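K.L.:
After the structure tokens below, expect a handful of questions from me.
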There are 2 protein chains.
Amino acid sequence: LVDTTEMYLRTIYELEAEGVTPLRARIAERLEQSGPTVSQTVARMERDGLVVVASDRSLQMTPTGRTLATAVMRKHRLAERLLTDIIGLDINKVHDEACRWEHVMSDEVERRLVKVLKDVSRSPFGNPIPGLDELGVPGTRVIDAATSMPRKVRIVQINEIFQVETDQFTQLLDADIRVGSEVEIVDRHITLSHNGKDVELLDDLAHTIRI
Amino acid sequence: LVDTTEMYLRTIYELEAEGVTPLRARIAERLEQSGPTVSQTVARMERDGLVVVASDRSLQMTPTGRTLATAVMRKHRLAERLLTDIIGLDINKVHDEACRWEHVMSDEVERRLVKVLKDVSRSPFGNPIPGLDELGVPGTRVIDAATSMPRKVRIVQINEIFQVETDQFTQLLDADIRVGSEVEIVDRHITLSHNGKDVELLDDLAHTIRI
Ligand SMILES: [Zn+2]
Ligand SMILES: [Zn+2]
């Protein structure tokens with residue numbers, strides 16, 4: 001949904017990308033927000049650890065704020081591609097519309113757009129689409145990547161290098177569950193099935209394996 | 001963008017459509033909002049002339065609130081059609097996603113979706129898509145339908161029945177500008193061109209003609 005923080009972060013991202021210094025006055029102007037409101041909002045973002053105001057007053061996005069800012073521009077640009085390539089909305093309206101959509105488009109839709117769209121390297125306005133690497137178009141912890149629904153998936157990593165107990169190593173081996181192997185998953189404990197065999201994992205494995 | 005008013009109105013629309021009485025407790029429940037917050041928000045909507053609480057405490061949307069509620073469900077359902085038919089998002093996520101998109105999708109995009117989608121009669125979940133008539137998929141007053149950009153358009157009505165001064169009647173006739181005739185338009189006064197001839201309209205005509 002629509003976020004002010006997300007709006008400030010994408011503004012800083014833009015200026016930076018344009019080659020303009022992230023000053024509170026340029027942001028305020030771009031955002032069409034008063035000066036006092038921006039320092040008010042920026043003071044909040046600092047406390048959240050999303051931005052830090054440097055000596056020269058310019059705003060430096062922390063790694064966390066930079067990641068968020070980048071997902072917003074990716075969503076934003078992926079949206080524009082959707083609006084021009086498929087929907088066919090008037091090119092003069094595509095940016096305005098995408099400015100709102102960037103706050104409501106989920107990562108799952110982005111991934112789909114990456115599959116559906118012919119080319120995702122640039123927005124219709126000549127700018128590159130950032131964060132695609134991070135979008136995932138390594139993986140997700142089985143614990144937080146599986147639900148009561150026995151969805152399929154693919155092994156990106158097992159992470160047996162970080163395992164202390166190795167008793168289920170052969171289990172995975174028997175059930176032919178390796179890296180790059182599509183497998184099912186249901187969180188009811190985590191039991192990733194494959195090769196017709198179910199594997200009810202232990203805390204640790206569920207924490208390290210990425211699907 | 002995301003509106004609480006729009007959220008309350010679509011909730012009332014749903015219950016009503018389900019055959020449930022628009023009571024503040026069902027809304028609160030559905031919205032997962034406390035009781036006190038809903039009366040707080042509903043008291044606001046009444047003042048806005050969007051809803052009226054009846055004797056039996058149930059909520060009756062005024063014509064204005066009903067129109068708004070309907071556009072939201074239309075946007076919402078048009079969105080779902082876009083998510084399933086084209087984007088291909090997991091069907092179990094389509095409603096959640098559309099719940100957010102309904103607040104950010106403009107009418108212009110809806111019209112496009114109406115052109116692009118194979119069928120807009122029902123949402124993927126079996127419910128009819130309302131308000132298509134009102135979406136416009138009669139017209140828009142040339143005054144508020146033309147800008148500095150000489151966009152094309154189509155005459156839906158001239159409204160000469162409501163004219164007091166009839167001096168430009170023949171002008172329109174000469175320039176072969178009738179109902180169903182595609183014509184250009186630029187608001188810099190309103191001058192709808194057609195048949196290679198420009199017609200700089202007067203206040204009244206600009207107010208009644210719909211493109
Ligand atoms: Zn843009
Ligand atoms: Zn829905």
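Ligands are numbered from 1 in the order shown, chains are lettered A, B, ... in the order of the structure tokens, and residues start at 1 in each chain.
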Can you pull out every residue with an atom within 10 Å of ligand 2? Use only C-alpha atoms and all ligand atoms and format it as a list in words.

P.N.:
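The residues near ligand 2 are residues 73, 76, 77, 78, 79, 80, 81, 93, 94, 95, 96, 97, 98, 99, 102, 123, 124, 125, 126 and 127 of chain B.
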
K.L.:
Mind fitting chain A to chain B by least squares on all Cα atoms in order and giving back the moved coordinates as a compact mmCIF listing (two decimals) with C-alpha atoms, in the first residue's frame?

P.N.:
# COMPACT_ATOMS: atom_id res chain seq x y z
CA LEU A 1 -4.73 6.01 -3.96
CA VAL A 2 -5.82 3.96 -0.88
CA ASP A 3 -9.02 5.31 0.74
CA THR A 4 -10.81 4.27 3.95
CA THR A 5 -14.05 5.72 2.62
CA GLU A 6 -13.58 3.59 -0.51
CA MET A 7 -12.91 0.58 1.67
CA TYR A 8 -16.03 1.05 3.79
CA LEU A 9 -18.19 1.62 0.69
CA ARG A 10 -16.99 -1.54 -1.07
CA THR A 11 -17.64 -3.52 2.13
CA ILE A 12 -21.22 -2.31 2.33
CA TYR A 13 -21.52 -3.10 -1.40
CA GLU A 14 -20.29 -6.69 -0.78
CA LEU A 15 -22.62 -7.53 2.11
CA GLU A 16 -25.54 -6.02 0.28
CA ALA A 17 -24.62 -8.11 -2.76
CA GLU A 18 -24.24 -11.20 -0.56
CA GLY A 19 -27.67 -10.58 0.89
CA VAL A 20 -26.44 -9.54 4.31
CA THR A 21 -27.74 -6.35 5.94
CA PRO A 22 -25.18 -3.50 6.00
CA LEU A 23 -24.82 -3.42 9.82
CA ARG A 24 -21.86 -1.66 11.45
CA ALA A 25 -20.91 -4.86 13.27
CA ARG A 26 -20.66 -6.96 10.07
CA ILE A 27 -18.65 -4.25 8.42
CA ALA A 28 -16.34 -3.94 11.46
CA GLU A 29 -15.88 -7.68 11.44
CA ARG A 30 -15.29 -7.92 7.67
CA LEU A 31 -12.94 -4.89 7.81
CA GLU A 32 -11.25 -6.27 10.92
CA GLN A 33 -11.74 -2.90 12.54
CA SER A 34 -13.06 -2.25 16.04
CA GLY A 35 -16.63 -1.15 16.61
CA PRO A 36 -15.78 2.42 17.77
CA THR A 37 -13.55 3.04 14.73
CA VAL A 38 -16.32 2.15 12.28
CA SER A 39 -18.92 4.48 13.87
CA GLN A 40 -16.16 7.06 13.91
CA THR A 41 -15.53 6.54 10.17
CA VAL A 42 -19.24 6.16 9.31
CA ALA A 43 -20.10 9.40 11.13
CA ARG A 44 -17.60 11.02 8.77
CA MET A 45 -19.13 9.39 5.64
CA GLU A 46 -22.57 10.63 6.67
CA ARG A 47 -21.28 14.20 6.89
CA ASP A 48 -19.78 13.67 3.43
CA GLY A 49 -23.21 12.51 2.23
CA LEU A 50 -21.94 9.07 1.31
CA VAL A 51 -23.99 6.94 3.66
CA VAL A 52 -26.90 7.38 6.02
CA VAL A 53 -27.52 5.18 9.07
CA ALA A 54 -31.14 4.01 9.05
CA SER A 55 -33.53 3.45 11.98
CA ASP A 56 -32.52 -0.20 12.21
CA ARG A 57 -28.91 0.99 12.34
CA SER A 58 -28.07 -0.56 8.96
CA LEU A 59 -26.15 1.57 6.49
CA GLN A 60 -27.75 2.89 3.35
CA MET A 61 -25.40 4.23 0.70
CA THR A 62 -26.62 7.43 -0.86
CA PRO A 63 -26.57 7.55 -4.68
CA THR A 64 -23.18 9.25 -4.52
CA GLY A 65 -21.68 6.68 -2.19
CA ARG A 66 -23.21 3.90 -4.31
CA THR A 67 -21.57 5.25 -7.46
CA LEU A 68 -18.22 5.39 -5.74
CA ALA A 69 -18.64 1.91 -4.20
CA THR A 70 -19.46 0.52 -7.67
CA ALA A 71 -16.41 2.06 -9.38
CA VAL A 72 -14.23 0.51 -6.67
CA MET A 73 -15.68 -3.02 -7.29
CA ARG A 74 -15.36 -2.50 -11.03
CA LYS A 75 -11.71 -1.44 -10.66
CA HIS A 76 -11.25 -4.31 -8.20
CA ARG A 77 -12.74 -6.92 -10.58
CA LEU A 78 -11.11 -5.50 -13.68
CA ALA A 79 -7.82 -5.79 -11.76
CA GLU A 80 -8.43 -9.50 -10.95
CA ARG A 81 -9.19 -10.19 -14.59
CA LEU A 82 -5.81 -8.52 -15.40
CA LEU A 83 -4.03 -10.57 -12.73
CA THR A 84 -5.43 -13.94 -13.85
CA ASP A 85 -5.85 -13.55 -17.60
CA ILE A 86 -2.66 -11.70 -18.48
CA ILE A 87 -0.22 -11.53 -15.57
CA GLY A 88 -0.90 -15.04 -14.41
CA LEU A 89 -0.62 -14.43 -10.65
CA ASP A 90 -1.45 -17.37 -8.32
CA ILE A 91 -5.23 -17.51 -8.08
CA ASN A 92 -4.96 -17.66 -4.27
CA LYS A 93 -3.32 -14.24 -4.25
CA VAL A 94 -5.47 -12.49 -6.89
CA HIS A 95 -8.12 -11.14 -4.45
CA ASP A 96 -5.61 -9.75 -1.92
CA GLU A 97 -3.66 -8.03 -4.62
CA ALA A 98 -6.80 -6.62 -6.30
CA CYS A 99 -7.91 -5.30 -2.89
CA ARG A 100 -5.03 -2.86 -3.06
CA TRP A 101 -5.11 -2.15 -6.79
CA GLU A 102 -8.75 -1.09 -6.70
CA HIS A 103 -7.67 2.09 -4.92
CA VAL A 104 -4.94 3.03 -7.47
CA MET A 105 -6.34 2.01 -10.86
CA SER A 106 -7.56 5.02 -12.86
CA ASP A 107 -10.63 5.00 -15.10
CA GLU A 108 -8.36 5.28 -18.19
CA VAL A 109 -6.64 1.98 -17.36
CA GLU A 110 -10.05 0.34 -16.78
CA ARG A 111 -11.16 1.39 -20.23
CA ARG A 112 -8.00 -0.09 -21.64
CA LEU A 113 -8.51 -3.33 -19.77
CA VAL A 114 -12.03 -3.45 -21.20
CA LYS A 115 -10.44 -3.33 -24.69
CA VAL A 116 -7.57 -5.69 -23.96
CA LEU A 117 -9.35 -8.41 -21.89
CA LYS A 118 -11.30 -11.09 -23.74
CA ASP A 119 -14.34 -10.92 -21.46
CA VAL A 120 -15.28 -8.48 -18.68
CA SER A 121 -18.66 -9.83 -17.61
CA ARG A 122 -17.47 -11.60 -14.45
CA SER A 123 -14.57 -11.55 -12.02
CA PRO A 124 -12.53 -14.80 -11.88
CA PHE A 125 -14.55 -15.59 -8.77
CA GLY A 126 -17.98 -15.62 -10.45
CA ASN A 127 -19.22 -12.13 -9.63
CA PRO A 128 -20.39 -9.64 -12.28
CA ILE A 129 -18.35 -6.56 -13.16
CA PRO A 130 -20.55 -3.52 -12.22
CA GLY A 131 -20.51 0.03 -13.46
CA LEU A 132 -19.19 -0.68 -16.95
CA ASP A 133 -21.96 1.52 -18.32
CA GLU A 134 -20.83 4.40 -16.15
CA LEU A 135 -17.18 3.74 -17.01
CA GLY A 136 -18.09 4.53 -20.62
CA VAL A 137 -17.07 1.20 -22.07
CA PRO A 138 -23.13 10.84 -22.37
CA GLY A 139 -19.40 11.55 -22.60
CA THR A 140 -17.36 14.48 -21.20
CA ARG A 141 -17.90 18.26 -21.48
CA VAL A 142 -15.42 19.62 -24.03
CA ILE A 143 -14.40 22.23 -21.42
CA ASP A 144 -13.20 19.49 -19.07
CA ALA A 145 -12.29 17.02 -21.84
CA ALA A 146 -9.69 18.95 -23.81
CA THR A 147 -6.29 20.41 -22.86
CA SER A 148 -3.47 22.32 -24.56
CA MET A 149 -2.87 19.01 -26.39
CA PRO A 150 -4.91 18.76 -29.66
CA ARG A 151 -6.11 15.26 -28.88
CA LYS A 152 -8.63 13.53 -31.14
CA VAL A 153 -11.96 12.34 -29.71
CA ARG A 154 -15.54 11.53 -30.82
CA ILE A 155 -18.75 13.55 -30.57
CA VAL A 156 -21.29 11.81 -28.37
CA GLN A 157 -23.71 14.76 -28.24
CA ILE A 158 -23.84 18.43 -29.24
CA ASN A 159 -26.83 19.39 -27.06
CA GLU A 160 -28.19 22.14 -29.30
CA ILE A 161 -31.58 21.61 -27.65
CA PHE A 162 -30.12 23.53 -24.60
CA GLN A 163 -28.56 26.34 -26.64
CA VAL A 164 -29.87 29.88 -26.46
CA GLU A 165 -27.50 31.39 -29.04
CA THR A 166 -27.48 29.39 -32.28
CA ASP A 167 -24.85 31.29 -34.33
CA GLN A 168 -22.32 28.41 -34.32
CA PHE A 169 -24.87 25.81 -35.37
CA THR A 170 -24.00 26.28 -39.05
CA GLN A 171 -20.27 26.57 -38.17
CA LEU A 172 -20.42 22.99 -36.78
CA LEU A 173 -22.45 22.12 -39.88
CA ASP A 174 -19.91 23.60 -42.26
CA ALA A 175 -16.97 21.95 -40.50
CA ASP A 176 -18.98 18.71 -40.72
CA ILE A 177 -18.89 18.16 -36.96
CA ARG A 178 -21.83 16.00 -35.89
CA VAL A 179 -22.65 13.26 -33.39
CA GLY A 180 -20.48 10.20 -33.88
CA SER A 181 -17.87 12.30 -35.66
CA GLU A 182 -14.28 11.92 -34.45
CA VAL A 183 -12.82 15.39 -33.93
CA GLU A 184 -9.71 17.03 -32.53
CA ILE A 185 -9.66 19.24 -29.42
CA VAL A 186 -7.33 21.76 -27.69
CA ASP A 187 -8.13 23.97 -24.74
CA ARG A 188 -6.18 27.18 -25.27
CA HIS A 189 -10.70 28.91 -25.87
CA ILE A 190 -11.92 25.42 -26.75
CA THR A 191 -11.38 24.91 -30.50
CA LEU A 192 -12.55 21.51 -31.77
CA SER A 193 -11.17 21.06 -35.26
CA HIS A 194 -12.58 18.77 -37.91
CA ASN A 195 -12.75 18.53 -41.71
CA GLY A 196 -9.59 20.65 -41.71
CA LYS A 197 -11.56 23.50 -40.13
CA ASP A 198 -11.15 24.70 -36.54
CA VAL A 199 -14.18 25.75 -34.47
CA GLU A 200 -13.46 28.07 -31.56
CA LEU A 201 -16.47 27.47 -29.32
CA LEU A 202 -18.31 29.78 -26.96
CA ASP A 203 -18.78 29.19 -23.22
CA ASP A 204 -22.18 27.52 -23.57
CA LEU A 205 -21.29 25.12 -26.38
CA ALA A 206 -18.10 24.13 -24.64
CA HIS A 207 -20.27 23.31 -21.60
CA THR A 208 -22.83 21.11 -23.34
CA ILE A 209 -20.94 19.21 -26.05
CA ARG A 210 -19.75 15.77 -24.91
CA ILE A 211 -16.67 14.06 -26.28

K.L.:
From the DSSP assignment of the backbone, select every residue of stretch 12-66 of chain A that is strand (DSSP E or B), and format the answer as an MDAnalysis selection string.

P.N.:
chainID A and resid 51:53 59:61

K.L.:
From stretch 5-195 of chain A, collect each residue whose DSSP state is alpha helix (DSSP H) and return the set as JSON, numbers by chain.

P.N.:
{"A": [5, 6, 7, 8, 9, 10, 11, 12, 13, 14, 15, 16, 17, 18, 24, 25, 26, 27, 28, 29, 30, 31, 35, 36, 37, 38, 39, 40, 41, 42, 43, 44, 45, 46, 47, 63, 64, 65, 66, 67, 68, 69, 70, 71, 72, 73, 74, 75, 76, 77, 78, 79, 80, 81, 94, 95, 96, 97, 98, 99, 100, 101, 107, 108, 109, 110, 111, 112, 113, 114, 115, 116, 132, 133, 134, 135, 169, 170, 171, 172, 173, 174]}
